[PDB]
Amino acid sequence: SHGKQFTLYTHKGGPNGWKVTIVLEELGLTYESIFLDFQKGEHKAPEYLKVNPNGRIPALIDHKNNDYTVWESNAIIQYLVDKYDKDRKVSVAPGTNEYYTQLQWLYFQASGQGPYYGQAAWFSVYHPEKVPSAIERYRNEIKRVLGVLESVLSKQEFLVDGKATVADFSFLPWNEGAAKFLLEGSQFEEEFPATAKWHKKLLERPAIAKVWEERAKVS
């Protein structure tokens, strides 16, 4: 209905739709973003459940692949680079050892960064009572995850050693949350300097900077 290769179901504020948008833009692909209104329950409405039965964003429909539909941000991202980064600008080749190292880092992001950072967000902002021990638990886990990244990034430039890939990009949106709200003050920058430098440089890439400007705009 719109002349773009993809329909992307997303959200204006949350990190995970922007994660996919970063990759779409890095790959030079066209997309129509449908921003769901969570306050109106649109992500739980039958119209969206037929797209993603989990009732969460993002979800992607590829109109140049017979409307193939896939959800989970990092599954979407793998689909996008495997099919549409054949020049390997921001990904490694399927069927190589490095591919499974890329995949390892993408799972660490999706299972180790996102959910735990998200529980810090939950207890700090949304939970109906203030539970300092829960807030502290998840802040400490954010710092533990950052420490893992720091242990690697202090010794090599990027996660899949030689070049920036979607494995690196996948951590950006949630780490921007750590930088701006989930940790107090400048703790991200001063406690994890190698990670903070890597993060900053990725955000300055032209496609990522473009997406981040758009995120600020739609807000």
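Just count from 1 along the sequence shown to find any residue number.
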Item checked: Mean Cα B-factor comparison, 148-156 or 175-183, giving the higher one as deposited -> 175-183
Next item on the list: Please work out which of 16-24 and 205-213 has the higher mean CA B-factor as recorded in the PDB entry.
Entry: 205-213
Check: Per the coordinate record, which of the options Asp87, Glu72, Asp82, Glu141 holds the highest CA temperature factor?
Finding: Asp87
Notebook entry, point to check: From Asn52, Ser33, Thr30, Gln39, can you pick the one with the highest C-alpha B factor in the entry?
Noted result: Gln39
Notebook entry, point to check: Taking the entry's C-alpha B-factors for this chain, is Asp62 in the lowest, middle or highest third?
Noted result: lowest
Note to self: Ranking the modelled residues of this chain by C-alpha B-factor as given in the entry, is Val125 in the lowest, middle or highest third?
What the structure shows: highest
Notebook entry, point to check: Where does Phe169 sit by CA temperature factor within its chain: lowest, middle or highest third?
Noted result: lowest
Check: How does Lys163 rank on Cα B-factor within its chain, lowest, middle or highest third?
Finding: highest
Next item on the list: Ordered by C-alpha B-factor within the chain, which third holds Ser133? Give me lowest, middle or highest, please.
Entry: middle
